[PDB]
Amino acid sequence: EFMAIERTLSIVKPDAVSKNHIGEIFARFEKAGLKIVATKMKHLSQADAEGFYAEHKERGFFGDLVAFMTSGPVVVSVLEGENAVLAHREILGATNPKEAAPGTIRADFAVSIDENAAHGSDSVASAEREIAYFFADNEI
């Protein structure tokens, strides 16, 4: 092979979970060569959401963020493949559905940046943190 095989965290956010887009979104991962090496549907508690987005507790958007990310069940998943992080974010599209490319998850399943269907790790380093927060290594 050619690119390092990486692991990245996926969260199908509550909007997309309530609109039954899990399989569809999953399929797009799989189609693009990413493998699902862990996954679980979870109802986040406030403490769950806060702890995960701890890095932004002092931020303006934090409160609304936490309320949304706990408004309904999410699916957290670990994807794995060559160049996983960057290639995940390419399937998702820009964080803002307005700015996102055609045929991306953010373009087809999300309307606003407040509720953008999916979370992807933006870095290998954060992917390591973000993955370790939701999954024991045994669980993968």
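In this text, residue numbers run from 1 along the sequence as written.
TODO: For the higher mean C-alpha B factor in the entry, choose 88-96 or 74-82.
DONE: If you average the C-alpha B-factors of 88-96 and of 74-82, the larger mean comes out for 88-96.
Open item on the list: Averaging CA B factors per stretch from the PDB record, which one is higher: 100-108 or 43-51?
Closed with: Higher mean C-alpha B-factor: 100-108.
Open item on the list: Per the entry's Cα B factor values, which of 10, 18, 126, 116 stands out as the maximum?
Closed with: Answer for 10, 18, 126, 116: 116, with the highest C-alpha B-factor.
Open item on the list: Is residue 26 in the lowest, middle or highest third of its chain when residues are ranked by C-alpha B-factor?
Closed with: Lowest third.
TODO: Could you say whether, by C-alpha temperature factor, residue 36 belongs to the lowest, middle or highest third of its chain?
DONE: Ranked within chain, residue 36 CA B lands in the lowest tercile.
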